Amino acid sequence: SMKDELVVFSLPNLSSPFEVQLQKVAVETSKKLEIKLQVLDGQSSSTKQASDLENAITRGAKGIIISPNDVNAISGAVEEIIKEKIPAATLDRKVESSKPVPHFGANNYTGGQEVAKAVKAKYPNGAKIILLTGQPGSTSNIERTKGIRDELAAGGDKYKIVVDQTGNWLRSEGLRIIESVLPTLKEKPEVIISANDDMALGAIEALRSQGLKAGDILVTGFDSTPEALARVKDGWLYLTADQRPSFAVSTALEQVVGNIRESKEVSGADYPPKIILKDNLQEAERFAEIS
């Protein structure tokens, strides 16, 4: 006898392709569960997102799912939500806290390890690596890159990170950094490990403009977007990883709405991302989108 409850989904931006997909799944899911949904867009600003989260309370949200712009800057706003006793969870990103709300999404640390293991297996006697990292204060970056670094370190000094730069998750930055640094290295690196697809796709454009062919420098990504899957299929990109946004979003909304409607526990969801190479593209959530 219950429908049209207001749920807010606070995203840090709607400019990056992963965030755009999270919004898509959320709107679809909202219709299936017969809830009202507002997807708030932080515009890559912590100040805006904090304000968005204040508005979520004023607007009478019955549940709030938050993907924080920043590990620390959003914490006060999340604390206000908790004090108001509004059912809440994080998704994708997190905030640093001693009593976190439930979280929905892939284990980024494990994902980072898994990407590193695949690189090491491709270069078992070592490699020179360019590492492109995400928005520094995003927990998705922090955890994923820690996994990558720790697992490369466990492989030993034969894995050498010769460039280590943030691209803030942006395609344009992957392009700029790779076009800028490749000419300055006395030896061609073996691998470019990108913390996401967007920067890896920009790296690929850079390599293409430098006159290189697919596979001359290995490139890894993360997010399993259709464009990235197309580049895995044609060999420009060695791997991506599926952190299963349809599962994360649908499960987060189902559990939050279940708490609203029936007082069911919000348990969260933790799982490893699935590494996607050329031989297993059909395991990606969005395989049907590859023309």
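Numbering starts at 1 and runs along the sequence shown.
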Query raised in the report: Once you work out the mean C-alpha B-factor for both 274-282 and 17-25 from the entry, which is higher?
Result: 274-282
Query raised in the report: Per the PDB record, is the mean Cα temperature factor higher over 37-45 or over 257-265?
Result: 257-265
Query raised in the report: Taking the values straight from the PDB record, which of 143, 187, 198, 92 has the highest C-alpha temperature factor?
Result: 187
Query raised in the report: Taking the Cα B-factors listed in the entry, which of 219, 106, 115, 77 comes out highest?
Result: 77
Query - CA B-factor ranking of residue 30, expressed as a third of its chain - result: lowest
Requested in this report: Please rank the C-alpha B-factors of the chain's modelled residues and tell me whether residue 193 sits in the lowest, middle or highest third.
Outcome: lowest
Report task. Using the B-factors in the PDB entry, rank residue 58's C-alpha atom against the chain and give the third, lowest, middle or highest. Result -> highest
Query - residue 70 - Cα temperature factor, lowest/middle/highest third of chain - result: middle
**Report entry** Record-listed C-alpha B factor of residue 97: chain third
**Finding:** highest
